[PDB]
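# Observations on chain architecture
Chain by chain, the residues run as shown.
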Protein chains: 2
Amino acid sequence: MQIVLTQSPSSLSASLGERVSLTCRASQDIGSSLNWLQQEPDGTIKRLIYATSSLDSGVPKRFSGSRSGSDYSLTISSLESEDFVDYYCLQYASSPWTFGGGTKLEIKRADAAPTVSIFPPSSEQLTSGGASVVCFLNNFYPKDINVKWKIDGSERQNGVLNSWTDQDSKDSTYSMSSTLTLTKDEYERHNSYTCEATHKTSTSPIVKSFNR
Amino acid sequence: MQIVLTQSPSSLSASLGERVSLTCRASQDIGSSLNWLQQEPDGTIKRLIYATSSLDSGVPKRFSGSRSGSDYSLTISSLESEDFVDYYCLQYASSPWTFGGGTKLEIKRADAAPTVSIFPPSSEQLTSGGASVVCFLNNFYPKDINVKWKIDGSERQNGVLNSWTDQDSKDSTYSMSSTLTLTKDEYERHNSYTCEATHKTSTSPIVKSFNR
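Residues numbered from 1 in each chain as written, not as in the entry; some residues may be left out. Chains lettered and ligands numbered in written order. Heavy atoms only, no water. Residues with missing side-chain atoms left out of burial classes, pairs and counts.

### Digging into the overall build of chain A
- In terms of helices and strands, chain A carries two helices and 19 strands.
- The C-alpha extent of chain A, read off along each of the three principal axes, is 65 × 40 × 35 Å.
- Considering only residue pairs separated by 6 or more positions, chain A has 58% of its internal contacts joining residues 24 or more positions apart. (Helix = DSSP H or I, 4+ residues; strand = E, 2+ residues; numbered from the N terminus. Contact = heavy atoms within 4.5 Å.)

### Notes on the sheet that holds strand β14 (residues 146–151) of chain B
Residues and elements named next belong to chain B.
- With respect to topology, four strands assemble into an open sheet ordered β15-β14-β18-β19, the strand pairing being antiparallel. In this open sheet, the two strands that pair with only one neighbour each are β15 (154–156) and β19 (206–210). When strand polarity is set aside, the average angle formed by the axes of neighbouring strands in this sheet is 30 degrees.
- Note that β14 and β15 share three bridges and pair antiparallel. Paired with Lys 150 across the two strands is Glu 155, which belongs to β15. (Pairing = 2+ DSSP bridges. Axes fitted to C-alpha atoms, helices over the stretch in contact; angles between N-to-C directions.)

### Overview of the domain arrangement of chain A
- If you check the domain split of chain A, you get domain 1 (5–107) and domain 2 (115–210).
- Here domain 1 of chain A and domain 2 of chain A have C-alpha centroids that lie 37 Å from each other. (Domains from an automatic or database assignment.)

### Remarks on the pairing of strand β5 (residues 45–50) of chain A
All names here are of chain A.
- Bridge count between strand β4 (residues 34–39) and β5: four bridges; the pairing is antiparallel. Following the sheet pairing, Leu 37 is matched in β5 by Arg 47.
- Adjacent in sequence and paired antiparallel, β4 and β5 are bridged by five residues, among which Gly 43 carries a positive phi angle near 95 degrees.
- Pairing between β5 and strand β6 (residues 54–55): two bridges, direction antiparallel. Paired with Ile 49 across the bridge in β6 is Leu 55.
- Adjacent in sequence and paired antiparallel, β5 and β6 are bridged by three residues, among which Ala 51 carries a positive phi angle near 50 degrees.

### Section: the sheet that holds strand β12 (residues 115–119) of chain B
All names here are of chain B.
- Spatially, β12-β13-β17-β16 is the arrangement adopted by the four strands of the open sheet, whose pairing is antiparallel. Whereas interior strands pair on both sides, the edge strands pair on one side only; in this sheet they are β12 and β16 (160–164). Mean inter-strand twist for the sheet, computed between neighbouring axes without regard to direction, equals 15 degrees.
- As paired strands, strand β13 (residues 131–140) and strand β17 (residues 174–182) are joined by eight bridges and run antiparallel to one another. Residue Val 134 lies in a different strand from β17, and its bridge partner there is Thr 179.

Spelled out as structure tokens, the structure:
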């Protein structure tokens, strides 16, 4: 049986100067044999902490590692802007070596509803095969959101491409585009087009629509 | 001894059933103490190979690890669709443990020029926080692309967010949005807005504009 490391939380929202802890629970005893890794935006992975508690050379003092039973914690005493990256626990007590799911440090922000814009497809696009209806969802928080597409009241699930931004460095919000990619034929078959957005900040969905 | 692992190549394009090799050169002797990791797009990390040559339990036979002096190689004999992810070498011969820069496998395809679409901001958007001009660059390959913004012929450098999609599973292309955030005042000061793209597949830059 592979040792499973349950990493808490998956996403952690905090502010500059906050004290935060990442927890990593081992499914079987690994003793002191846990390392803490950091993955930078350039994709590079470093080891911060080894053997549960020990700081690697050059690692800032604000990083510290502890163990409470089968729960291993990385603690950052006072968060800095460089620290809002991905973190992984790694156990090397047993083969195979296994990693936690990871923890993304994210900047905590007041909840924001998305500004929703719906654009019908271009005349240039339309005369060639394709018809893409684009739905913009701008500057919402938190990241968790849902977009439905409706054609003449009826939900359409397929032919939909969703693209998210990372957290905005300026205002700490998320944006996303949903594209309902379609044929010229299909588009002119139906009349009414609606993307509806479901977010924490509204008990009922935000709807944007158009016809011909 | 603090050991540098030089990983080749940084990016690797190949097709289904192709044989590929990753190299990882150690700056100092690490003996057989090198592991090969796989990172899934969701950020999950597995160990495929340990102690240079050994396959971890359940790892497919098409993965193989070898060493030629201080050069350590991961070979995938016949690529499958699940295999087009990130790979890292990891040495544990010396403290601190160090990783290679990484290697992203992508699916090779014919070079594609982006289709450029420009969306002016909504009235709702324009009054409320950011007034966003959005420039879509669709179904281009390779992923590397550069997008400038011009306002009435003058280049705008700040208030621009550039966001990539992962490689499309259907057609192996990349898409990309460039968002020029602007003040309500700034926007209605000027009339002409232009995103201009530099890509391999165009000898000259790709231009989209609109006026008021």
